[PDB]
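K.L.:
Input file: my_file-v9.pdb. Contents: PDB, C-alpha atoms and all ligand atoms.
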```
ATOM      1  CA  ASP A  50     -21.947  -1.046 -21.219
ATOM      2  CA  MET A  51     -18.927  -0.622 -18.942
ATOM      3  CA  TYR A  52     -15.614   0.941 -19.948
ATOM      4  CA  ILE A  53     -12.268   1.683 -18.231
ATOM      5  CA  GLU A  54     -10.181   4.923 -18.236
ATOM      6  CA  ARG A  55      -6.617   5.234 -16.923
ATOM      7  CA  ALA A  56      -6.412   7.213 -13.604
ATOM      8  CA  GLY A  57      -2.696   6.914 -12.695
ATOM      9  CA  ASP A  58       0.390   4.930 -11.798
ATOM     10  CA  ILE A  59       0.532   2.648  -8.774
ATOM     11  CA  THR A  60       3.306   4.033  -6.512
ATOM     12  CA  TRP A  61       3.855   4.750  -2.802
ATOM     13  CA  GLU A  62       3.819   8.590  -2.212
ATOM     14  CA  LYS A  63       6.368   9.853   0.315
ATOM     15  CA  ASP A  64       4.712  12.195   2.838
ATOM     16  CA  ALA A  65       1.140  11.251   1.819
ATOM     17  CA  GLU A  66      -1.708  12.439   4.160
ATOM     18  CA  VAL A  67      -1.727  10.013   7.138
ATOM     19  CA  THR A  68      -5.159   9.222   8.669
ATOM     20  CA  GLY A  69      -7.601   6.501   9.849
ATOM     21  CA  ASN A  70      -7.628   4.341  12.949
ATOM     22  CA  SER A  71      -6.876   0.525  13.342
ATOM     23  CA  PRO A  72      -9.983  -1.267  14.698
ATOM     24  CA  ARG A  73      -9.805  -4.938  15.724
ATOM     25  CA  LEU A  74     -13.213  -6.399  14.771
ATOM     26  CA  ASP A  75     -14.873  -9.823  15.020
ATOM     27  CA  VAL A  76     -16.585 -10.417  11.665
ATOM     28  CA  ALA A  77     -18.456 -13.154   9.711
ATOM     29  CA  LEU A  78     -18.333 -13.601   5.903
ATOM     30  CA  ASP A  79     -21.456 -15.095   4.250
ATOM     31  CA  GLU A  80     -21.775 -17.042   0.947
ATOM     32  CA  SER A  81     -22.838 -13.813  -0.872
ATOM     33  CA  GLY A  82     -19.543 -12.068   0.019
ATOM     34  CA  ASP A  83     -21.120  -9.824   2.683
ATOM     35  CA  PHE A  84     -19.147  -9.062   5.868
ATOM     36  CA  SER A  85     -21.154  -8.602   9.110
ATOM     37  CA  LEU A  86     -20.212  -7.823  12.767
ATOM     38  CA  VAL A  87     -20.210 -10.647  15.322
ATOM     39  CA  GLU A  88     -21.382  -9.426  18.755
TER      40      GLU A  88
ATOM     41  CA  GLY B  16      -7.341  -0.751 -25.974
ATOM     42  CA  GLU B  17      -5.080   0.632 -23.223
ATOM     43  CA  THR B  18      -3.093  -2.154 -21.533
ATOM     44  CA  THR B  19      -0.539  -0.002 -19.618
ATOM     45  CA  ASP B  20      -0.076  -1.039 -15.975
ATOM     46  CA  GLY B  21      -1.829   1.267 -13.500
ATOM     47  CA  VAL B  22      -5.040   2.183 -11.760
ATOM     48  CA  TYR B  23      -8.228   2.663 -13.836
ATOM     49  CA  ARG B  24     -11.758   3.977 -13.254
ATOM     50  CA  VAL B  25     -14.636   1.630 -14.222
ATOM     51  CA  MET B  26     -17.384   3.710 -15.849
ATOM     52  CA  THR B  27     -20.905   3.154 -17.209
ATOM     53  CA  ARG B  28     -23.129   5.185 -19.515
ATOM     54  CA  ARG B  29     -26.279   3.065 -18.740
ATOM     55  CA  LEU B  30     -27.456   5.582 -16.092
ATOM     56  CA  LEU B  31     -27.616   9.446 -16.240
ATOM     57  CA  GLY B  32     -24.433  10.863 -17.897
ATOM     58  CA  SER B  33     -21.217   8.908 -17.237
ATOM     59  CA  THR B  34     -21.079   7.335 -13.800
ATOM     60  CA  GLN B  35     -18.085   5.828 -12.015
ATOM     61  CA  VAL B  36     -19.128   2.461 -10.504
ATOM     62  CA  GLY B  37     -15.648   1.388  -9.365
ATOM     63  CA  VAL B  38     -11.898   1.118  -9.905
ATOM     64  CA  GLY B  39      -9.364  -1.574 -10.807
ATOM     65  CA  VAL B  40      -5.725  -2.521 -11.369
ATOM     66  CA  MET B  41      -4.049  -3.425 -14.659
ATOM     67  CA  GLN B  42      -0.963  -5.602 -14.042
ATOM     68  CA  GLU B  43       0.847  -8.071 -16.359
ATOM     69  CA  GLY B  44      -1.908  -7.679 -18.992
ATOM     70  CA  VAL B  45      -4.739  -8.584 -16.547
ATOM     71  CA  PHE B  46      -7.444  -6.225 -15.163
ATOM     72  CA  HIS B  47      -8.359  -6.842 -11.497
ATOM     73  CA  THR B  48     -11.428  -5.402  -9.731
ATOM     74  CA  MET B  49     -14.141  -6.367  -7.198
ATOM     75  CA  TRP B  50     -17.000  -8.602  -8.346
ATOM     76  CA  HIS B  51     -19.705  -6.212  -7.017
ATOM     77  CA  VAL B  52     -18.377  -3.419  -9.348
ATOM     78  CA  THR B  53     -18.918  -5.282 -12.659
ATOM     79  CA  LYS B  54     -21.146  -8.274 -11.639
ATOM     80  CA  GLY B  55     -18.875 -10.221 -14.095
ATOM     81  CA  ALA B  56     -19.889  -8.220 -17.200
ATOM     82  CA  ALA B  57     -17.458  -7.659 -20.140
ATOM     83  CA  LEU B  58     -15.596  -4.321 -20.207
ATOM     84  CA  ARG B  59     -14.560  -1.939 -22.979
ATOM     85  CA  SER B  60     -11.071  -0.354 -23.218
ATOM     86  CA  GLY B  61     -11.202   2.113 -26.123
ATOM     87  CA  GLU B  62     -12.075   0.007 -29.176
ATOM     88  CA  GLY B  63     -11.063  -3.276 -27.418
ATOM     89  CA  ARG B  64     -12.957  -5.715 -25.214
ATOM     90  CA  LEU B  65     -11.912  -7.318 -21.895
ATOM     91  CA  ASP B  66     -13.590 -10.603 -21.081
ATOM     92  CA  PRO B  67     -13.801 -12.068 -17.567
ATOM     93  CA  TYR B  68     -11.395 -14.918 -16.917
ATOM     94  CA  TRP B  69     -11.858 -15.754 -13.206
ATOM     95  CA  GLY B  70     -14.255 -14.572 -10.509
ATOM     96  CA  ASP B  71     -15.697 -15.493  -7.118
ATOM     97  CA  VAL B  72     -18.706 -13.798  -5.430
ATOM     98  CA  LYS B  73     -17.608 -14.847  -1.909
ATOM     99  CA  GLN B  74     -14.083 -13.366  -2.213
ATOM    100  CA  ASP B  75     -15.816 -10.451  -4.121
ATOM    101  CA  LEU B  76     -13.036 -10.474  -6.805
ATOM    102  CA  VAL B  77     -12.838 -10.809 -10.628
ATOM    103  CA  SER B  78      -9.958 -10.807 -13.162
ATOM    104  CA  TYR B  79     -10.154 -10.024 -16.962
ATOM    105  CA  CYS B  80      -7.867 -11.340 -19.867
ATOM    106  CA  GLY B  81      -5.984 -13.699 -17.535
ATOM    107  CA  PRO B  82      -5.681 -15.229 -14.077
ATOM    108  CA  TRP B  83      -5.390 -13.108 -10.852
ATOM    109  CA  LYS B  84      -1.778 -11.758 -10.745
ATOM    110  CA  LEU B  85      -1.661  -9.840  -7.408
ATOM    111  CA  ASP B  86       0.016 -11.821  -4.613
ATOM    112  CA  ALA B  87       1.612  -9.363  -2.165
ATOM    113  CA  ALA B  88       0.345  -9.513   1.419
ATOM    114  CA  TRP B  89       0.154  -6.965   4.299
ATOM    115  CA  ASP B  90       3.004  -7.769   6.762
ATOM    116  CA  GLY B  91       0.701  -7.276   9.804
ATOM    117  CA  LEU B  92       2.858  -4.428  11.235
ATOM    118  CA  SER B  93       3.465  -1.535   8.768
ATOM    119  CA  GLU B  94       1.370   1.360   7.527
ATOM    120  CA  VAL B  95       0.023   0.988   3.947
ATOM    121  CA  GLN B  96      -1.463   3.406   1.399
ATOM    122  CA  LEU B  97      -4.917   3.402  -0.146
ATOM    123  CA  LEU B  98      -4.529   4.779  -3.706
ATOM    124  CA  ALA B  99      -8.052   6.135  -3.651
ATOM    125  CA  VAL B 100      -9.645   7.008  -7.022
ATOM    126  CA  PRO B 101     -12.900   8.857  -6.093
ATOM    127  CA  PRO B 102     -15.643   9.595  -8.686
ATOM    128  CA  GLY B 103     -14.876  12.857 -10.589
ATOM    129  CA  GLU B 104     -11.713  13.481  -8.505
ATOM    130  CA  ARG B 105      -7.956  12.905  -9.036
ATOM    131  CA  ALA B 106      -6.181   9.734  -7.719
ATOM    132  CA  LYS B 107      -4.889  10.404  -4.147
ATOM    133  CA  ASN B 108      -2.689   8.347  -1.740
ATOM    134  CA  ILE B 109      -3.824   8.020   1.877
ATOM    135  CA  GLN B 110      -1.506   6.416   4.420
ATOM    136  CA  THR B 111      -2.951   4.411   7.342
ATOM    137  CA  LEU B 112      -2.182   1.609   9.828
ATOM    138  CA  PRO B 113      -4.613  -1.244   9.125
ATOM    139  CA  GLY B 114      -6.810  -2.765  11.786
ATOM    140  CA  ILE B 115      -7.933  -6.436  11.656
ATOM    141  CA  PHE B 116     -11.017  -8.427  10.697
ATOM    142  CA  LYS B 117     -10.977 -11.561  12.949
ATOM    143  CA  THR B 118     -12.944 -14.410  11.377
ATOM    144  CA  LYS B 119     -13.537 -18.106  12.140
ATOM    145  CA  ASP B 120     -11.223 -18.828   9.139
ATOM    146  CA  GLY B 121      -8.384 -16.460  10.126
ATOM    147  CA  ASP B 122      -7.475 -12.751  10.351
ATOM    148  CA  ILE B 123      -7.527 -10.228   7.495
ATOM    149  CA  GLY B 124      -6.105  -6.651   7.485
ATOM    150  CA  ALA B 125      -8.717  -3.867   7.315
ATOM    151  CA  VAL B 126      -8.545  -0.144   6.496
ATOM    152  CA  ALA B 127     -10.733   2.384   8.311
ATOM    153  CA  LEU B 128     -11.175   4.959   5.521
ATOM    154  CA  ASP B 129     -14.566   6.158   4.213
ATOM    155  CA  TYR B 130     -14.895   6.864   0.472
ATOM    156  CA  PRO B 131     -17.924   6.783  -1.926
ATOM    157  CA  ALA B 132     -19.155   3.356  -3.236
ATOM    158  CA  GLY B 133     -17.672   4.222  -6.675
ATOM    159  CA  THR B 134     -14.180   4.043  -5.141
ATOM    160  CA  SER B 135     -14.519   0.168  -4.701
ATOM    161  CA  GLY B 136     -11.577  -1.666  -6.331
ATOM    162  CA  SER B 137      -9.010   1.072  -5.426
ATOM    163  CA  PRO B 138      -5.661  -0.630  -4.665
ATOM    164  CA  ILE B 139      -4.024  -0.792  -1.201
ATOM    165  CA  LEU B 140      -0.161  -0.743  -1.434
ATOM    166  CA  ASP B 141       2.874  -1.628   0.669
ATOM    167  CA  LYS B 142       6.097   0.564   0.813
ATOM    168  CA  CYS B 143       7.426  -1.226  -2.330
ATOM    169  CA  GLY B 144       4.385  -0.087  -4.368
ATOM    170  CA  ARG B 145       3.023  -3.678  -4.531
ATOM    171  CA  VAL B 146      -0.751  -4.133  -4.458
ATOM    172  CA  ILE B 147      -1.619  -6.073  -1.249
ATOM    173  CA  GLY B 148      -5.401  -6.015  -1.927
ATOM    174  CA  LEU B 149      -8.395  -3.985  -3.141
ATOM    175  CA  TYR B 150     -10.567  -1.639  -1.084
ATOM    176  CA  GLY B 151     -14.370  -1.777  -1.082
ATOM    177  CA  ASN B 152     -15.827  -4.839   0.648
ATOM    178  CA  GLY B 153     -16.351  -4.259   4.347
ATOM    179  CA  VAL B 154     -18.665  -3.334   7.169
ATOM    180  CA  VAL B 155     -20.378  -0.319   8.828
ATOM    181  CA  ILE B 156     -19.494  -0.270  12.540
ATOM    182  CA  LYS B 157     -21.511   1.086  15.593
ATOM    183  CA  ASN B 158     -20.722   4.838  14.979
ATOM    184  CA  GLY B 159     -21.707   4.566  11.271
ATOM    185  CA  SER B 160     -18.079   4.557  10.044
ATOM    186  CA  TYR B 161     -16.914   2.275   7.171
ATOM    187  CA  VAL B 162     -14.055  -0.262   7.570
ATOM    188  CA  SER B 163     -13.001  -2.156   4.375
ATOM    189  CA  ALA B 164     -11.232  -5.538   4.326
ATOM    190  CA  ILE B 165      -7.871  -5.588   2.517
ATOM    191  CA  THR B 166      -9.183  -8.085  -0.103
ATOM    192  CA  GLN B 167      -6.472 -10.085  -1.902
ATOM    193  CA  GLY B 168      -6.815 -12.945  -4.441
ATOM    194  CA  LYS B 169      -4.695 -16.073  -4.912
ATOM    195  CA  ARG B 170      -2.098 -16.193  -7.709
ATOM    196  CA  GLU B 171      -2.256 -19.794  -9.156
TER     197      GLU B 171
HETATM  198  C1  LIG C 201     -18.174   0.271  -0.789
HETATM  199  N1  LIG C 201     -17.784   1.502  -0.117
HETATM  200  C2  LIG C 201     -16.468   2.032  -0.450
HETATM  201  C3  LIG C 201     -18.603   2.111   0.794
HETATM  202  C4  LIG C 201     -19.717   1.422   1.298
HETATM  203  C5  LIG C 201     -20.513   2.041   2.257
HETATM  204  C6  LIG C 201     -21.720   1.329   2.827
HETATM  205  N2  LIG C 201     -22.136   1.915   4.100
HETATM  206  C7  LIG C 201     -20.167   3.321   2.664
HETATM  207  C8  LIG C 201     -19.061   3.933   2.105
HETATM  208  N3  LIG C 201     -18.275   3.355   1.183
END
```
What does this structure look like when you write it as structure tokens?
Ligand SMILES: CN(C)c1cc(CN)ccn1

P.N.:
Amino acid sequence: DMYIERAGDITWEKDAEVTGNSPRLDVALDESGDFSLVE
Amino acid sequence: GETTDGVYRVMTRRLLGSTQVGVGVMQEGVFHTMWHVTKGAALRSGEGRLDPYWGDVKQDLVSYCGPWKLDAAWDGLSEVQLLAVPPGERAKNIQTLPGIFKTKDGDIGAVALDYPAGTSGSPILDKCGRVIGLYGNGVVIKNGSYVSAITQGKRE
């Protein structure tokens, strides 16, 4: 049995930690909702 | 049950203790999460019940109590924030510049941030605080890193 619990408000935080890169990838999406890389 | 707008953890007591299997967004009385988090099962909110209303395995999305309400889109240029809700940890905002998933049916924004599986369904926001998609359906690239699509539904 699944249940939900509030975790917070949805707001943009000024001066949040900024990280992660921006990869441009060729991908395929199958009928089961799985993404895979196209090489 | 609690119907206040916001981000919520999706929990289960079926396994050992209480386990966080995902996250979702309550907006305009509708709960939005990824299909792989609930597999379309009903949810509990206190003493109340949330029944699925719409879902699609291929988009990997599901809405409860009403139709999908989130319609904002990434502008293709600006940084966004993942409002990550990790298992057993406080909600945290992480800012990033999305990359792209190029597909035969068009391009989708993608965020290169690696969080546990139980963080699936965490919302990705624009500078106005609007939810532009949910985090948690993606791919593992060459170096073993995770890149999630910015998955957004259609508002009928
Ligand atoms: C579904 N999520 C958030 C995942 C998935 C994986 C699968 N490699 C790794 C890390 N996080």

K.L.:
Can you turn the PyMOL selection byres (((chain A and resi 74) around 6) and not hetatm) into a concrete residue list for this file, as number ranges by chain?

P.N.:
A: 73, 75; B: 116-117

K.L.:
Generate the output file for the selected residues, C-alpha atoms, as a CSV table (one decimal), in the coordinates of the input.

P.N.:
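Written output follows (out.csv):
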```csv
chain,number,residue,atom,x,y,z
A,73,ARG,CA,-9.8,-4.9,15.7
A,75,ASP,CA,-14.9,-9.8,15.0
B,116,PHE,CA,-11.0,-8.4,10.7
B,117,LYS,CA,-11.0,-11.6,12.9
```

K.L.:
What would the selection look like, as a count of residues only, if the PyMOL selection byres (((chain B and resi 125) around 7) and not hetatm) were run on the coordinates I just shared?

P.N.:
12

K.L.:
Using all atoms listed in the file, which residues of the polymer chains come no farther than 12 Å from ligand LIG 201 (chain C)? I'd like the answer as a PyMOL selection string.

P.N.:
(chain A and resi 83-85) or (chain B and resi 36-38+49-52+75+97+99-102+126-138+149-165)

K.L.:
Could you make a table, as a Markdown table, of the residues of chain B that have an atom within 7 Å of an atom of chain A, each with its nearest atom pair and distance in Å to one decimal, counting all atoms listed in the file, in chain and number order?

P.N.:
```
| residue | atom | partner | partner_atom | distance |
| --- | --- | --- | --- | --- |
| B:21 | CA | A:58 | CA | 4.6 |
| B:22 | CA | A:57 | CA | 5.4 |
| B:23 | CA | A:55 | CA | 4.3 |
| B:24 | CA | A:54 | CA | 5.3 |
| B:25 | CA | A:53 | CA | 4.7 |
| B:26 | CA | A:52 | CA | 5.3 |
| B:27 | CA | A:51 | CA | 4.6 |
| B:28 | CA | A:50 | CA | 6.6 |
| B:29 | CA | A:50 | CA | 6.5 |
| B:58 | CA | A:51 | CA | 5.1 |
| B:59 | CA | A:52 | CA | 4.3 |
| B:60 | CA | A:53 | CA | 5.5 |
| B:72 | CA | A:82 | CA | 5.8 |
| B:73 | CA | A:82 | CA | 3.9 |
| B:74 | CA | A:82 | CA | 6.0 |
| B:75 | CA | A:82 | CA | 5.8 |
| B:96 | CA | A:61 | CA | 6.9 |
| B:106 | CA | A:56 | CA | 6.4 |
| B:108 | CA | A:65 | CA | 6.0 |
| B:109 | CA | A:66 | CA | 5.4 |
| B:110 | CA | A:67 | CA | 4.5 |
| B:111 | CA | A:68 | CA | 5.5 |
| B:112 | CA | A:71 | CA | 6.0 |
| B:113 | CA | A:71 | CA | 5.1 |
| B:114 | CA | A:71 | CA | 3.6 |
| B:115 | CA | A:73 | CA | 4.7 |
| B:116 | CA | A:74 | CA | 5.1 |
| B:117 | CA | A:75 | CA | 4.7 |
| B:118 | CA | A:76 | CA | 5.4 |
| B:127 | CA | A:69 | CA | 5.4 |
| B:128 | CA | A:69 | CA | 5.8 |
| B:140 | CA | A:61 | CA | 6.9 |
| B:142 | CA | A:61 | CA | 6.0 |
| B:143 | CA | A:61 | CA | 7.0 |
| B:144 | CA | A:60 | CA | 4.8 |
| B:153 | CA | A:84 | CA | 5.8 |
| B:154 | CA | A:84 | CA | 5.9 |
```

K.L.:
Specify the axis-aligned box that encloses all atoms of region 129-132 of chain B listed in the file after padding of 8 Å on each side, stating its centre and edge lengths in Å to one decimal as lines of an AutoDock Vina configuration file.

P.N.:
```
center_x = -16.9
center_y = 5.1
center_z = 0.5
size_x = 20.6
size_y = 19.5
size_z = 23.4
```

K.L.:
What does the structure give for the distance between CA of residue 93 (chain B) and CA of residue 47 (chain B), in Å to one decimal?

P.N.:
24.1 Å

K.L.:
Would you mind reading off the distance between CA of residue 68 (chain B) and CA of residue 55 (chain B), one decimal, in Å?

P.N.:
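Going from CA of residue 68 (chain B) over to CA of residue 55 (chain B), I get 9.3 Å.
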
K.L.:
Run the PyMOL selection byres (((chain B and resi 82) around 8) and not hetatm) on the file and write out the hits as a VMD selection string.

P.N.:
chain B and resid 45 68 to 69 78 to 81 83 to 84 170 to 171

K.L.:
Rounded to one decimal, what separation in Å do you get between CA of residue 141 (chain B) and CA of residue 167 (chain B)?

P.N.:
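According to the coordinates, CA of residue 141 (chain B) and CA of residue 167 (chain B) are separated by 12.9 Å.
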
K.L.:
Go through B:119, B:31, B:146, B:42 one by one, measure the shortest atom-to-atom distance of each to residue 95 (chain B) using all atoms listed in the file, and give the residue with the smallest value.

P.N.:
B:146
